[PDB]
Structures are given as structure tokens and as C-alpha cells.
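> Here is the input, now give the coordinates:
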Amino acid sequence: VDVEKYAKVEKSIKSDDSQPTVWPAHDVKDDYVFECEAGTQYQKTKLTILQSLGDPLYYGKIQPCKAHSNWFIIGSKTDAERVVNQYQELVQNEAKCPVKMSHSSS
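Numbers count the residues shown, from 1 in each chain. Now the structure:
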């Protein structure tokens with residue numbers, strides 16, 4: 001049986017003798033931007049999923065990108081993907097014209 005070739009462990013903050021392990025090893029940031037790209041005024045907006053250090057909850061924010069702390073709890077990774085898909089569909093259906101998605105990492 002060759003399971004260990006493919007098994008992987010995730011990084012965690014090792015524990016001293018007073019506190020337990022805390023696995024999210026660094027803040028995980030993901031940003032998405034949407035824009036018509038036309039000469040039209042479209043006020044390109046941004047979405048930002050976040051998973052902070054030592055906290056396995058997810059969060060989001062939808063402030064409009066430039067040309068404050070209104071976070072909301074998003075459940076988990078699958079929920080985050082659902083929210084991203086739904087927001088993309090809504091933006092496209094509201095634009096009534098071409099719209100593009102610019103994905104970024106950390």
C-alpha cells in the first residue's frame with residue numbers, strides 16, 4: 001500500500017507547554033476585481049476573501065475599488081467558493097455588457 005506517497009500534512013504553529021497547536025500558519029488573502037473595461041463609467045469593484053492567522057473561519061468584503069471594516073462571516077472554503085460564484089453571476093447579470101474577472105493571490 002502506497003498511501004504515504006500522496007498524504008500531506010499542513011503547517012501549524014507548534015505548541016509550547018501552555019497553549020495548543022494552531023494550524024492556520026499565515027493569513028490567506030484572495031482578491032477578485034470586476035470591470036467593464038469600456039470607456040463607460042462602471043466603478044470597478046473588488047471582493048476579498050480572507051482567512052487570518054490562527055483562525056479557521058472565512059470572511060469577505062465587497063468595498064468598491066479606488067479610482068471601512070464591514071466584514072461578514074463566511075463559513076468555510078466550500079462556502080467561500082459558493083459566494084464567489086454567486087457574486088460573479090450577479091455582477092455579470094447586472095452589467096448587461098462585457099465584464100472580466102482578475103484573480104489575485106496573497
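> Report the central residue of this structure.
Nearest residue to the geometric centre of the chain (Cα atoms, centre = their mean): residue 49, 2.4 Å.
> Remind me which helix or strand the closest residue to it other than its chain neighbours belongs to.
Of all residues not flanking residue 49 in the chain, residue 30 sits nearest, at 4.5 Å (Cβ to Cβ, 6 or more residues apart in numbering). In short, each C-beta sits where N, CA and C put it, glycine included. Assigning secondary structure by DSSP states H and E places residue 30 in strand 28-35.
> about what we covered before: the residue nearest to residue 49 and residue 72, how far apart?
Noted for residue 30: a distance of 15 Å to residue 72, by Cβ to Cβ, to the nearest Å.
> quick one, which of those two is more surrounded?
Neighbours per residue (other Cβ atoms under 10 Å) separate residue 30 from residue 72, with residue 30 holding more: 17 against 10.
> From residue 81, how far out is that one?
In this view, residue 30 and residue 81 are 11 Å apart by Cβ to Cβ.
> can you map out the strands along the chain?
Under the criterion DSSP state E, the chain contains strands at 28-35, 45-51, 58-60, 72-74, 100-105.
> can you redo these as a markdown table with distance to residue 7?
What follows is the strands of the chain, written out as a markdown table (distance: least, Cβ to Cβ, whole Å):
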| stretch | distance to residue 7 |
| --- | --- |
| strand 28-35 | 22 |
| strand 45-51 | 23 |
| strand 58-60 | 25 |
| strand 72-74 | 28 |
| strand 100-105 | 25 |
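> Go through those strands and name the closest to residue 91.
Comparing the strands of the chain by their distance to residue 91 (Cβ to Cβ), the top pick is strand 28-35, with 5.0 Å.
> contacting residues around the closest one?
With contacts defined as Cβ atoms under 8 Å, 6 or more residues apart in numbering, strand 28-35 is touched by 42, 44-51, 65, 84, 87-88, 91, 99-106.
> Now a PyMOL select for only the buried ones of the residues you listed.
To isolate the buried members of the contacts of strand 28-35 in PyMOL, using 16 or more other Cβ atoms under 10 Å:
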select buried, resi 44+46+47+48+49+50+51+84+87+91+99
